[PDB]
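Note sheet for the following structure.
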Amino acid sequence: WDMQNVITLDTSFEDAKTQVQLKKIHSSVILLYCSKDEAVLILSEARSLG
Amino acid sequence: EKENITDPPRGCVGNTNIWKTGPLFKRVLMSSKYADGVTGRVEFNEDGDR
Ligand SMILES: *[C@@H]1O[C@H](CO)[C@@H](O)[C@H](O)[C@H]1NC(C)=O
Ligand SMILES: *[C@@H]1O[C@H](CO)[C@@H](O)[C@H](O)[C@H]1NC(C)=O
């Protein structure tokens with residue numbers, strides 16, 4: 001498996017450090033493991049960052 | 001000192017949703033660096049310990 005390294009979210013998003021972690025993502029399948037509203041915020045930030 | 005101050009409401013009547021700024025207050029407690037203490041200098045680690 002061509003597995004990209006594990007992106008870890010420690011705290012709430014600042015759009016300073018988590019933005020860099022989202023810019024490191026260049027693979028195809030993104031596996032997300034969080035709650036519901038956190039998934040809503042992560043998908044909204046991914047839509048805002050393209 | 002920070003903004004977006006929310007409060008946990010009266011959960012027994014009409015309030016079943018959780019307090020949404022939980023990880024915000026958790027990030028405040030994790031980043032709480034101190035120089036004061038009678039027993040000694042206390043500072044939270046990445047697990048929130050001494
Ligand atoms: C405070 O909350 C509002 C509404 O959710 C949001 O637009 C704003 O960005 C928040 N403040 C900061 C500094 O993030
Ligand atoms: C341990 O004791 C020494 C006694 O001088 C004190 O200076 C030090 O702050 C203590 N360690 C901590 C950080 O609890």
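Convention: chains lettered A, B, ... in structure tokens order; per-chain residue numbering from 1; ligands numbered from 1 as shown.
Every residue having at least one atom no farther than 9 Å from ligand 1 is included below, with only C-alpha atoms and all ligand atoms taken into account: residues 14 of chain A; 2, 3, 4 and 5 of chain B.
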Would you mind listing the residues within 7 Å of ligand 2, counting only C-alpha atoms and all ligand atoms, as a PyMOL selection string? chain B and resi 39-42
So that I have them on file, write out the residues from the current selection with N, CA and C atoms, as a PDB file, in the first residue's frame.
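Final output, saved to again_23.pdb:
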```
ATOM      1  N   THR B  39       4.320  24.142  45.695  1.00  0.00           N
ATOM      2  CA  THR B  39       5.038  22.874  45.630  1.00  0.00           C
ATOM      3  C   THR B  39       6.120  22.916  44.558  1.00  0.00           C
ATOM      4  N   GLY B  40       5.844  23.585  43.446  1.00  0.00           N
ATOM      5  CA  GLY B  40       6.830  23.713  42.389  1.00  0.00           C
ATOM      6  C   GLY B  40       6.190  24.248  41.128  1.00  0.00           C
ATOM      7  N   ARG B  41       7.020  24.367  40.093  1.00  0.00           N
ATOM      8  CA  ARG B  41       6.558  24.864  38.803  1.00  0.00           C
ATOM      9  C   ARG B  41       5.720  23.798  38.108  1.00  0.00           C
ATOM     10  N   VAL B  42       4.463  24.124  37.834  1.00  0.00           N
ATOM     11  CA  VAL B  42       3.523  23.206  37.204  1.00  0.00           C
ATOM     12  C   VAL B  42       3.324  23.617  35.749  1.00  0.00           C
TER      13      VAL B  42
END
```
Please find the residues of chain A near chain B - the criterion being any atom within 10 Å, counting only C-alpha atoms - and write them as a ChimeraX atom specification. /A:10-13,37
Separation of CA of residue 14 (chain B) from CA of residue 43 (chain A), in Å and rounded to one decimal: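 Between these atoms lies a distance of 29.1 Å.
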Secondary structure check, helix (DSSP H, G or I) residues of chain B, as a VMD selection string: chain B and resid 22 to 30
Can I get the selection written as a PDB file, in the first residue's frame, with C-alpha atoms?
```pdb
ATOM      1  CA  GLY B  22     -15.185  22.116  24.617  1.00  0.00           C
ATOM      2  CA  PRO B  23     -11.934  21.632  22.656  1.00  0.00           C
ATOM      3  CA  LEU B  24     -11.429  25.423  22.783  1.00  0.00           C
ATOM      4  CA  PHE B  25     -11.356  25.357  26.594  1.00  0.00           C
ATOM      5  CA  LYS B  26      -9.284  22.167  26.388  1.00  0.00           C
ATOM      6  CA  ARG B  27      -6.754  23.966  24.161  1.00  0.00           C
ATOM      7  CA  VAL B  28      -6.667  26.800  26.704  1.00  0.00           C
ATOM      8  CA  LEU B  29      -5.919  24.260  29.450  1.00  0.00           C
ATOM      9  CA  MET B  30      -3.265  22.477  27.360  1.00  0.00           C
TER      10      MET B  30
END
```
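What separates CA of residue 50 (chain A) from CA of residue 20 (chain A) is a distance of 13.2 Å.
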Separation of CA of residue 17 (chain B) and CA of residue 30 (chain A), in Å?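 One can read the CA of residue 17 (chain B) to CA of residue 30 (chain A) distance as 28.4 Å.
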Using only C-alpha atoms, the shortest atom-to-atom distance to residue 1 (chain A) among A:35, A:44, A:21, A:27 belongs to A:27
